[PDB]
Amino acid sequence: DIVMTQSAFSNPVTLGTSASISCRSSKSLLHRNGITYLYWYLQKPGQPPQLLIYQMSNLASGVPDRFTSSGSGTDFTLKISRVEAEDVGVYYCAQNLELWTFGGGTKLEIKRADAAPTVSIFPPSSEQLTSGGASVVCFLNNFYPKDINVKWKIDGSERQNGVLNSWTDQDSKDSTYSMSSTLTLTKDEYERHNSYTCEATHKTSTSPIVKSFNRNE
């Protein structure tokens, strides 16, 4: 068999600068006919992998000429002349000399200018309340870098239980991250308190971004 090894680790690449992704094969990918059977694929979240390069030197149809690959027969690199926002995702090397095998993939992350999150608070829907539930949602949208902290306050008092946080994958257009914070309570528990607040702490400011509503209002 042929094992394809890629480090899943790589440093975030500044937008518009060059990037290199390494791959090694346990046996040569060079065939006696002079062809190197090396493939590169890009996989975006929720999508199947997309072919970038076939047999090391060839671009798949419609693929930008910013992607090239070369190597020794056992050690290769995929070079991105200049990284663009749409390039984010997981890059895989693969070979078809001996059956088909893939590397473990390398996720490309982009470094861009720091951006404060746009914060929006949402009280429970009438439909959820009618069922006896009460989820309070806060979206912390289009920020950079990825690290962010959310703090919930019920009548001025911090609340940690029943909070669920979900981060999006890096945006393919502006290279930012977004996060959704959901505080789930019962309709009864929700109706026992008035003020609901979500505070976002990000490196763009020492002061948190505060979004609040009063259940009575």
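One-based numbering along the sequence shown.
> Pick between 182-190 and 56-64: the one whose mean CA B-factor in the entry is higher.
Higher mean C-alpha B-factor: 182-190.
> Going by the B-factors listed in the PDB entry, is the mean over the C-alpha atoms higher for 86-94 or for 120-128?
It is 120-128.
> Of the options 42, 154, 35, 38, which has the highest CA B factor as deposited?
Highest C-alpha B-factor among the listed residues goes to 154.
> Given 22, 25, 14, 204, identify the residue with the highest C-alpha B factor in the PDB entry.
Answer for 22, 25, 14, 204: 204, with the highest C-alpha B-factor.
> Sort the modelled residues of this chain by their C-alpha B factor and say whether residue 160 lands in the lowest, middle or highest third.
Residue 160: CA B-factor falls in the highest third of its chain.
> Which third of the chain holds residue 4 when residues are ordered by C-alpha B factor: lowest, middle or highest?
Residue 4: CA B-factor falls in the lowest third of its chain.
> Would you please rank residue 47 by its C-alpha temperature factor against the other modelled residues of its chain and give the third it falls in: lowest, middle or highest?
Middle third, going by the recorded CA B-factors of the chain.
> Mind checking which third residue 149 falls in for C-alpha B-factor across the chain?
Top third by C-alpha B-factor.
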